[PDB]
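A.B. asks: Just the structure for this:
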Amino acid sequence: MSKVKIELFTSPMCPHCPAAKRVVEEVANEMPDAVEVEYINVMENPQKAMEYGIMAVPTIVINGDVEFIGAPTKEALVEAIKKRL
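C.D. replies: Numbering: from 1, shown residues only. Right below this line is the structure:
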């Protein structure tokens with residue numbers, strides 16, 4: 001009971017991925033209101049996500065769970081929050 005929290009903790013620099021733009025559009029398809037997106041381009045901000053158990057960019061939160069899946073952002077799970085988050 002906090003709305004669907006997404007966070008985007010990375011500054012991808014080789015592949016200019018849509019990053020938070022995909023993750024927001026994808027979950028806003030599901031929940032066009034119960035959505036929170038921290039797009040935190042990794043620069044000038046604390047490692048508060050880059051701590052955790054993952055300690056490996058691209059550091060991504062979907063619903064509230066902290067993870068990283070691929071060279072791009074959480075696309076493997078984005079294929080499933082689209083399905084039944």
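A.B. asks: all helices for this protein, in order.
C.D. replies: 20-30, 75-84 (DSSP state H).
A.B. asks: Can you tell me which of those helices is packed in deepest?
C.D. replies: Greatest average neighbour count among the helices of the chain goes to helix 20-30 (a mean of 17), per mean count of other Cβ atoms under 10 Å. For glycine as for every other residue, the C-beta is placed from the backbone atoms N, C-alpha and C.
A.B. asks: And that helix, what does it pack against?
C.D. replies: Packing partners of helix 20-30 (3 or more Cβ pairs under 8 Å, 6 or more residues apart in numbering; DSSP states H and E): strand 4-10, strand 35-41, strand 59-62, helix 75-84.
A.B. asks: Could you export the helices of the chain as TSV, including distance to residue 8?
C.D. replies: Shown next, in TSV, are those (distance: least, Cβ to Cβ, whole Å):
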stretch	distance to residue 8
helix 20-30	4
helix 75-84	11
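A.B. asks: Nearest to residue 4, out of the ones you listed?
C.D. replies: Nearest of the helices of the chain to residue 4, taken as Cβ to Cβ: helix 20-30 at 5.8 Å.
A.B. asks: and for that closest one, what are the contacting residues?
C.D. replies: 4, 6, 8, 18, 35, 37, 39, 60, 62, 73-75, 78, 81-82, 85 (Cβ atoms under 8 Å, 6 or more residues apart in numbering).
A.B. asks: Please pick the buried ones from these.
C.D. replies: 4, 6, 8, 35, 37, 60, 62, 73, 74, 75, 78, 81 (16 or more other Cβ atoms under 10 Å).
A.B. asks: Output these in CSV; the columns should cover distance to residue 53.
C.D. replies: Converted to CSV, the buried ones among the contacts of helix 20-30 look like this (distance: Cβ to Cβ, whole Å):
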residue, distance to residue 53
4, 21
6, 19
8, 18
35, 25
37, 22
60, 14
62, 16
73, 18
74, 15
75, 21
78, 21
81, 20
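A.B. asks: Just give me the closest of those residues to residue 46.
C.D. replies: Nearest to residue 46 among the buried ones among the contacts of helix 20-30, with distances taken as Cβ to Cβ, is residue 8, at 14.9 Å.
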